[PDB]
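# Descriptive analysis of the structure
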Amino acid sequence: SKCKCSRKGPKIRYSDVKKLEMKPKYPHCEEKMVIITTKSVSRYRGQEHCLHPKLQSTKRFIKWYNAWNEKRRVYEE
């Protein structure tokens, strides 16, 4: 049973993401969905995006965000 998040929703940039959490849109879905919280000025303002983690495009964006988040949380040393 998959809950619809389409794929990634409106195109998110890494710069939009403040926080990335894995939790399903619906508990009746397989695995945790990927939840993306935006910074402010995003077309999706006040809503969290959800990527459906069954897709390959999710993997890079998420993985890439984990690297990018390290720069925003500031691990630059």
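Its PDB record attributes the structure to solution NMR.

Attention shifts here to helix α1 (residues 56–72). Between the first and last C-alpha of α1 there are 24 Å, a value that for 17 residues agrees with the 24 Å anticipated at 1.5 Å per step. Looking at the buried positions of α1, the neighbouring elements they touch are β1 (17–22), β2 (34–38) and β3 (48–51). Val74, located one to two residues past α1, shows a positive phi value of around 80 degrees.

Tallied over the full model, the rule gives two salt bridges. With a shortest N-O distance of 2.9 Å, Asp16 and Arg43 are connected by a salt bridge. On the criterion of sequence distance, the pair formed by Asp16 in the segment before β1 and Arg43 in the loop between β2 and β3 is long-range, its members being 27 residues apart. For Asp16, a relative accessible area of 9% translates into the label buried.

Taking burial as the measure, the five residues of β2 include four buried ones, the bulk of the element. One ladder, built from five bridges, connects β1 with β2; its direction is antiparallel. Each residue of the ladder has a partner; that of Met22, found in β2, is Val34. Bridge analysis of β2 against β3 gives four bridges, and the strand direction is antiparallel. The residue bridging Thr37 from the neighbouring strand is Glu48, located in β3.

Another point: the UniProt feature "short sequence motif: D-box" in the protein chain. Here, the residues flagged by UniProt with the feature "short sequence motif: D-box" are residues 33–47. This span, residues 33–47, is 0% helix and 33% strand, and a straight line between its end C-alpha atoms measures 15 Å.

Phi at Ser6 takes a positive value of approximately 65 degrees, unusual for a residue other than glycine. Tracing the backbone shows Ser6 in the segment before β1. Of note in this structure, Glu31 is not a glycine but carries a positive phi near 65 degrees. Looking at the secondary structure, you find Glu31 in the loop between β1 and β2. The exposure class assigned to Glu31 is partly exposed, which follows from its relative accessible area of 49%.

Quick notes on the rules
Residues numbered from 1 in each chain as written, not as in the entry; some residues may be left out. Heavy atoms only, no water. Helix = DSSP H or I, 4+ residues; strand = E, 2+ residues; numbered from the N terminus. Expected span 1.5 Å × (residues − 1). Contact = heavy atoms within 4.5 Å. Salt bridge = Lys/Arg side-chain N within 4 Å of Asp/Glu carboxyl O. Buried < 20%, exposed > 50% of the residue type's maximum accessible area, 1.4 Å probe, protein only. Pairing = 2+ DSSP bridges. UniProt positions renumbered as here; feature names shortened; annotations may be inferred.

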